$ cat data39.txt   # compact mmCIF, N, CA and C atoms and all ligand atoms
# COMPACT_ATOMS: atom_id res chain seq x y z
N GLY A 1 17.26 86.11 -48.09
CA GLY A 1 17.72 84.77 -47.77
C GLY A 1 17.15 84.26 -46.46
N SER A 2 16.68 83.02 -46.46
CA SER A 2 16.10 82.42 -45.26
C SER A 2 16.40 80.92 -45.21
N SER A 3 17.27 80.53 -44.28
CA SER A 3 17.64 79.13 -44.13
C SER A 3 18.09 78.84 -42.70
N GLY A 4 17.91 77.59 -42.27
CA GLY A 4 18.30 77.21 -40.93
C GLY A 4 17.18 76.51 -40.18
N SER A 5 17.41 75.25 -39.82
CA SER A 5 16.42 74.47 -39.10
C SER A 5 17.07 73.32 -38.33
N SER A 6 16.88 73.31 -37.02
CA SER A 6 17.45 72.27 -36.17
C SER A 6 16.52 71.94 -35.00
N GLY A 7 16.71 70.76 -34.42
CA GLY A 7 15.88 70.35 -33.30
C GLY A 7 15.77 68.84 -33.19
N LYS A 8 16.44 68.28 -32.19
CA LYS A 8 16.42 66.84 -31.97
C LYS A 8 16.12 66.51 -30.51
N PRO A 9 15.34 65.44 -30.29
CA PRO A 9 14.97 65.00 -28.94
C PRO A 9 16.15 64.42 -28.17
N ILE A 10 16.25 64.78 -26.89
CA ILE A 10 17.33 64.29 -26.04
C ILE A 10 17.00 62.93 -25.45
N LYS A 11 17.84 61.94 -25.75
CA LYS A 11 17.64 60.59 -25.25
C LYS A 11 18.37 60.39 -23.92
N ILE A 12 18.32 61.41 -23.06
CA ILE A 12 18.96 61.35 -21.76
C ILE A 12 18.02 60.79 -20.70
N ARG A 13 16.99 60.08 -21.16
CA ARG A 13 16.01 59.49 -20.25
C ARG A 13 16.54 58.20 -19.64
N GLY A 14 16.72 58.20 -18.32
CA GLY A 14 17.23 57.02 -17.64
C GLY A 14 18.43 56.43 -18.33
N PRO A 15 19.62 56.97 -18.03
CA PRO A 15 20.88 56.50 -18.62
C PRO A 15 21.27 55.11 -18.12
N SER A 16 22.51 54.71 -18.40
CA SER A 16 23.01 53.41 -17.98
C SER A 16 22.18 52.29 -18.61
N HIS A 17 21.92 52.41 -19.90
CA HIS A 17 21.14 51.40 -20.62
C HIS A 17 21.86 50.06 -20.62
N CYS A 18 21.08 48.98 -20.60
CA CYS A 18 21.64 47.63 -20.59
C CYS A 18 22.62 47.44 -21.75
N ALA A 19 23.82 46.96 -21.43
CA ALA A 19 24.85 46.74 -22.44
C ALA A 19 24.63 45.41 -23.15
N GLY A 20 23.42 44.86 -23.01
CA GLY A 20 23.11 43.59 -23.65
C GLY A 20 21.92 43.69 -24.58
N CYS A 21 20.93 44.48 -24.19
CA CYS A 21 19.72 44.66 -25.00
C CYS A 21 19.49 46.14 -25.31
N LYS A 22 20.32 47.00 -24.72
CA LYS A 22 20.21 48.43 -24.94
C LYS A 22 18.87 48.96 -24.42
N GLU A 23 18.54 48.59 -23.18
CA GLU A 23 17.29 49.02 -22.57
C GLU A 23 17.55 49.75 -21.25
N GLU A 24 16.89 50.88 -21.07
CA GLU A 24 17.05 51.67 -19.85
C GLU A 24 16.74 50.83 -18.61
N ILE A 25 17.70 50.77 -17.70
CA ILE A 25 17.53 50.00 -16.47
C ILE A 25 17.00 50.88 -15.34
N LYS A 26 15.70 51.14 -15.37
CA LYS A 26 15.06 51.96 -14.35
C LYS A 26 13.98 51.18 -13.61
N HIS A 27 13.12 50.50 -14.37
CA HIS A 27 12.05 49.71 -13.79
C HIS A 27 12.57 48.35 -13.32
N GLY A 28 13.58 47.84 -14.01
CA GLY A 28 14.15 46.55 -13.65
C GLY A 28 15.42 46.69 -12.83
N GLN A 29 16.24 45.65 -12.84
CA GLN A 29 17.49 45.66 -12.08
C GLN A 29 18.69 45.58 -13.02
N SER A 30 19.87 45.91 -12.50
CA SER A 30 21.09 45.88 -13.29
C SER A 30 22.13 44.96 -12.65
N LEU A 31 23.17 44.64 -13.40
CA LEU A 31 24.24 43.77 -12.91
C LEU A 31 25.61 44.34 -13.26
N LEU A 32 26.42 44.59 -12.24
CA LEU A 32 27.76 45.13 -12.44
C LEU A 32 28.69 44.08 -13.06
N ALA A 33 29.24 44.40 -14.22
CA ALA A 33 30.15 43.49 -14.92
C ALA A 33 30.84 44.19 -16.08
N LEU A 34 32.17 44.17 -16.06
CA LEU A 34 32.96 44.80 -17.12
C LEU A 34 32.69 46.30 -17.17
N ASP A 35 32.67 46.93 -16.00
CA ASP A 35 32.43 48.37 -15.91
C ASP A 35 31.17 48.76 -16.69
N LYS A 36 30.25 47.81 -16.84
CA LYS A 36 29.01 48.05 -17.56
C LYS A 36 27.81 47.62 -16.73
N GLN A 37 26.61 47.87 -17.26
CA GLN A 37 25.38 47.50 -16.57
C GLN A 37 24.52 46.59 -17.44
N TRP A 38 24.31 45.36 -16.98
CA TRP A 38 23.51 44.39 -17.71
C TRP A 38 22.36 43.88 -16.85
N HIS A 39 21.28 43.45 -17.51
CA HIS A 39 20.12 42.93 -16.80
C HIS A 39 20.43 41.59 -16.15
N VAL A 40 19.51 41.12 -15.31
CA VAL A 40 19.68 39.84 -14.62
C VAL A 40 19.43 38.67 -15.56
N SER A 41 18.86 38.96 -16.72
CA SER A 41 18.57 37.93 -17.71
C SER A 41 19.24 38.24 -19.04
N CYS A 42 20.22 39.13 -19.00
CA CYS A 42 20.95 39.52 -20.21
C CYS A 42 22.43 39.17 -20.09
N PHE A 43 22.95 39.27 -18.87
CA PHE A 43 24.36 38.96 -18.62
C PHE A 43 24.62 37.46 -18.72
N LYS A 44 25.27 37.06 -19.81
CA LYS A 44 25.58 35.65 -20.03
C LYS A 44 26.81 35.50 -20.92
N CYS A 45 27.37 34.30 -20.96
CA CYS A 45 28.55 34.02 -21.77
C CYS A 45 28.37 34.55 -23.19
N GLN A 46 29.47 34.60 -23.94
CA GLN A 46 29.43 35.09 -25.31
C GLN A 46 29.57 33.93 -26.30
N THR A 47 30.02 32.78 -25.80
CA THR A 47 30.20 31.61 -26.64
C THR A 47 29.04 30.62 -26.47
N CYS A 48 28.60 30.45 -25.23
CA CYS A 48 27.51 29.54 -24.93
C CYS A 48 26.24 30.31 -24.58
N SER A 49 26.41 31.58 -24.21
CA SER A 49 25.28 32.43 -23.84
C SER A 49 24.56 31.88 -22.62
N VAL A 50 25.31 31.63 -21.55
CA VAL A 50 24.75 31.11 -20.32
C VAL A 50 24.76 32.16 -19.22
N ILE A 51 23.61 32.35 -18.57
CA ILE A 51 23.49 33.33 -17.50
C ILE A 51 24.63 33.18 -16.49
N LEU A 52 25.32 34.28 -16.22
CA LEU A 52 26.43 34.27 -15.27
C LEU A 52 26.07 35.02 -14.00
N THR A 53 25.91 34.29 -12.90
CA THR A 53 25.56 34.89 -11.62
C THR A 53 26.55 34.48 -10.54
N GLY A 54 26.91 33.20 -10.52
CA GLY A 54 27.85 32.71 -9.53
C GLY A 54 29.28 33.13 -9.82
N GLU A 55 29.87 32.52 -10.85
CA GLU A 55 31.25 32.83 -11.23
C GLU A 55 31.37 33.00 -12.74
N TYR A 56 32.33 33.80 -13.16
CA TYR A 56 32.55 34.05 -14.59
C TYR A 56 33.90 34.73 -14.82
N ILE A 57 34.38 34.66 -16.05
CA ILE A 57 35.66 35.27 -16.41
C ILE A 57 35.51 36.19 -17.62
N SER A 58 36.03 37.41 -17.49
CA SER A 58 35.96 38.38 -18.57
C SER A 58 37.25 38.40 -19.38
N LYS A 59 37.12 38.38 -20.70
CA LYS A 59 38.28 38.40 -21.59
C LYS A 59 38.12 39.47 -22.67
N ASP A 60 39.20 40.19 -22.94
CA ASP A 60 39.19 41.24 -23.95
C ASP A 60 37.90 42.05 -23.88
N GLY A 61 37.33 42.14 -22.67
CA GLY A 61 36.10 42.88 -22.49
C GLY A 61 34.87 42.08 -22.89
N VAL A 62 34.91 40.78 -22.63
CA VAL A 62 33.79 39.90 -22.97
C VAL A 62 33.55 38.87 -21.87
N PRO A 63 32.30 38.79 -21.39
CA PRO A 63 31.92 37.85 -20.34
C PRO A 63 31.93 36.40 -20.82
N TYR A 64 32.62 35.54 -20.08
CA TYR A 64 32.71 34.13 -20.44
C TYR A 64 32.55 33.25 -19.20
N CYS A 65 32.11 32.01 -19.42
CA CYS A 65 31.92 31.06 -18.33
C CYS A 65 33.15 30.20 -18.13
N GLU A 66 33.21 29.51 -17.00
CA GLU A 66 34.35 28.64 -16.69
C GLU A 66 34.43 27.48 -17.68
N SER A 67 33.43 27.38 -18.55
CA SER A 67 33.39 26.32 -19.55
C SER A 67 34.13 26.73 -20.82
N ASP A 68 33.54 27.67 -21.56
CA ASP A 68 34.15 28.15 -22.79
C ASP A 68 35.52 28.76 -22.53
N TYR A 69 35.55 29.77 -21.66
CA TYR A 69 36.79 30.45 -21.32
C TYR A 69 37.92 29.44 -21.13
N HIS A 70 37.72 28.50 -20.21
CA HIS A 70 38.72 27.47 -19.93
C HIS A 70 38.99 26.62 -21.17
N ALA A 71 38.04 26.62 -22.10
CA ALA A 71 38.17 25.85 -23.33
C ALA A 71 38.76 26.71 -24.45
N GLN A 72 38.69 28.03 -24.28
CA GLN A 72 39.20 28.95 -25.28
C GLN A 72 40.68 29.25 -25.03
N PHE A 73 40.98 29.83 -23.87
CA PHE A 73 42.35 30.17 -23.52
C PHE A 73 42.87 29.24 -22.43
N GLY A 74 41.96 28.51 -21.79
CA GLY A 74 42.35 27.59 -20.73
C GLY A 74 43.05 26.36 -21.27
N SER A 75 42.53 25.81 -22.36
CA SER A 75 43.12 24.62 -22.97
C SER A 75 44.02 25.00 -24.13
N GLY A 76 45.20 24.39 -24.18
CA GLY A 76 46.15 24.67 -25.24
C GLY A 76 46.66 23.41 -25.92
N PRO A 77 47.86 22.97 -25.53
CA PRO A 77 48.49 21.77 -26.09
C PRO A 77 47.78 20.49 -25.66
N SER A 78 48.26 19.36 -26.14
CA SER A 78 47.67 18.07 -25.81
C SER A 78 47.45 17.94 -24.30
N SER A 79 48.52 18.13 -23.54
CA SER A 79 48.45 18.03 -22.09
C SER A 79 47.96 19.34 -21.48
N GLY A 80 46.89 19.89 -22.04
CA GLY A 80 46.34 21.14 -21.55
C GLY A 80 45.03 20.95 -20.81
ZN ZN A 101 19.03 43.72 -20.89
ZN ZN A 102 30.44 29.72 -22.08
$ encode --input "data39.txt" --output "structure tokens"
Amino acid sequence: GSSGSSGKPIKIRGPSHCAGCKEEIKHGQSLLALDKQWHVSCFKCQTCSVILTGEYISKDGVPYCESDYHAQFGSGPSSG
């Protein structure tokens, strides 16, 4: 009897991959947000997809701008 074969490449090359494009952030830069690491051109709203650098609001673990966010949970009833 002869059986047994294993061997897989380790993808431990430059960890902390971009949580937006899934790309190793070694040659470029990263952005701290939601306990994650995103590129300077990847971190943007989830509803409008607008680059967030100045101010932003995170919801249920999702980056949002003062526009959508305030329009999603910010606005409610008529007088909202
Ligand atoms: Zn990226
Ligand atoms: Zn937005």
$ residues_near_ligand --input "data39.txt" --ligand "ligand ZN 102 (chain A)" --cutoff "10 Å" --atoms "only C-alpha atoms and all ligand atoms" --output "mmCIF file with N, CA and C atoms, keeping the file's coordinate frame"
data_model
loop_
_atom_site.group_PDB
_atom_site.id
_atom_site.type_symbol
_atom_site.label_atom_id
_atom_site.label_comp_id
_atom_site.auth_asym_id
_atom_site.auth_seq_id
_atom_site.Cartn_x
_atom_site.Cartn_y
_atom_site.Cartn_z
ATOM 1 N N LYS A 44 25.270 37.060 -19.810
ATOM 2 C CA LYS A 44 25.580 35.650 -20.030
ATOM 3 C C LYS A 44 26.810 35.500 -20.920
ATOM 4 N N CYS A 45 27.370 34.300 -20.960
ATOM 5 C CA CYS A 45 28.550 34.020 -21.770
ATOM 6 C C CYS A 45 28.370 34.550 -23.190
ATOM 7 N N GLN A 46 29.470 34.600 -23.940
ATOM 8 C CA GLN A 46 29.430 35.090 -25.310
ATOM 9 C C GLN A 46 29.570 33.930 -26.300
ATOM 10 N N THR A 47 30.020 32.780 -25.800
ATOM 11 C CA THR A 47 30.200 31.610 -26.640
ATOM 12 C C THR A 47 29.040 30.620 -26.470
ATOM 13 N N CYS A 48 28.600 30.450 -25.230
ATOM 14 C CA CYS A 48 27.510 29.540 -24.930
ATOM 15 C C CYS A 48 26.240 30.310 -24.580
ATOM 16 N N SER A 49 26.410 31.580 -24.210
ATOM 17 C CA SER A 49 25.280 32.430 -23.840
ATOM 18 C C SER A 49 24.560 31.880 -22.620
ATOM 19 N N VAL A 50 25.310 31.630 -21.550
ATOM 20 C CA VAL A 50 24.750 31.110 -20.320
ATOM 21 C C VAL A 50 24.760 32.160 -19.220
ATOM 22 N N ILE A 51 23.610 32.350 -18.570
ATOM 23 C CA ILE A 51 23.490 33.330 -17.500
ATOM 24 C C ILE A 51 24.630 33.180 -16.490
ATOM 25 N N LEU A 52 25.320 34.280 -16.220
ATOM 26 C CA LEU A 52 26.430 34.270 -15.270
ATOM 27 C C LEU A 52 26.070 35.020 -14.000
ATOM 28 N N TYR A 56 32.330 33.800 -13.160
ATOM 29 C CA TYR A 56 32.550 34.050 -14.590
ATOM 30 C C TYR A 56 33.900 34.730 -14.820
ATOM 31 N N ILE A 57 34.380 34.660 -16.050
ATOM 32 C CA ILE A 57 35.660 35.270 -16.410
ATOM 33 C C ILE A 57 35.510 36.190 -17.620
ATOM 34 N N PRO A 63 32.300 38.790 -21.390
ATOM 35 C CA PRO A 63 31.920 37.850 -20.340
ATOM 36 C C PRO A 63 31.930 36.400 -20.820
ATOM 37 N N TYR A 64 32.620 35.540 -20.080
ATOM 38 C CA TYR A 64 32.710 34.130 -20.440
ATOM 39 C C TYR A 64 32.550 33.250 -19.200
ATOM 40 N N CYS A 65 32.110 32.010 -19.420
ATOM 41 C CA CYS A 65 31.920 31.060 -18.330
ATOM 42 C C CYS A 65 33.150 30.200 -18.130
ATOM 43 N N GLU A 66 33.210 29.510 -17.000
ATOM 44 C CA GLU A 66 34.350 28.640 -16.690
ATOM 45 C C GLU A 66 34.430 27.480 -17.680
ATOM 46 N N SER A 67 33.430 27.380 -18.550
ATOM 47 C CA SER A 67 33.390 26.320 -19.550
ATOM 48 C C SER A 67 34.130 26.730 -20.820
ATOM 49 N N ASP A 68 33.540 27.670 -21.560
ATOM 50 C CA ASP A 68 34.150 28.150 -22.790
ATOM 51 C C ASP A 68 35.520 28.760 -22.530
ATOM 52 N N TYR A 69 35.550 29.770 -21.660
ATOM 53 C CA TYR A 69 36.790 30.450 -21.320
ATOM 54 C C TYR A 69 37.920 29.440 -21.130
ATOM 55 N N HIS A 70 37.720 28.500 -20.210
ATOM 56 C CA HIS A 70 38.720 27.470 -19.930
ATOM 57 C C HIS A 70 38.990 26.620 -21.170
ATOM 58 N N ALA A 71 38.040 26.620 -22.100
ATOM 59 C CA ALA A 71 38.170 25.850 -23.330
ATOM 60 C C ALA A 71 38.760 26.710 -24.450
ATOM 61 N N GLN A 72 38.690 28.030 -24.280
ATOM 62 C CA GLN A 72 39.200 28.950 -25.280
ATOM 63 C C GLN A 72 40.680 29.250 -25.030
#
$ closest_residue --input "data39.txt" --among "A:75, A:16, A:2, A:41" --to "ligand ZN 101 (chain A)" --atoms "all atoms listed in the file"
A:41
$ closest_residue --input "data39.txt" --among "A:53, A:78, A:30, A:5" --to "residue A:18" --atoms "all atoms listed in the file"
A:30
$ residues_near_ligand --input "data39.txt" --ligand "ligand ZN 101 (chain A)" --cutoff "7 Å" --atoms "all atoms listed in the file" --output "number ranges by chain"
A: 17-23, 38-43
$ atom_distance --input "data39.txt" --atom1 "atom CA of residue A:60" --atom2 "atom N of residue A:77"
20.3 Å
$ select_by_dssp --input "data39.txt" --residues "chain A" --states "strand (DSSP E or B)" --output "ChimeraX atom specification"
/A:31-33,36-38,44,51,57-59,62-64
$ axis_aligned_box --input "data39.txt" --around "stretch 3-15 of chain A" --padding-each-side "6 Å" --output "AutoDock Vina command-line options"
--center_x 18.1 --center_y 67.8 --center_z -31.0 --size_x 18.3 --size_y 37.4 --size_z 38.6
$ atom_distance --input "data39.txt" --atom1 "atom CA of residue A:15" --atom2 "atom CA of residue A:58"
23.6 Å
$ atom_distance --input "data39.txt" --atom1 "atom C of residue A:33" --atom2 "atom C of residue A:59"
10.9 Å
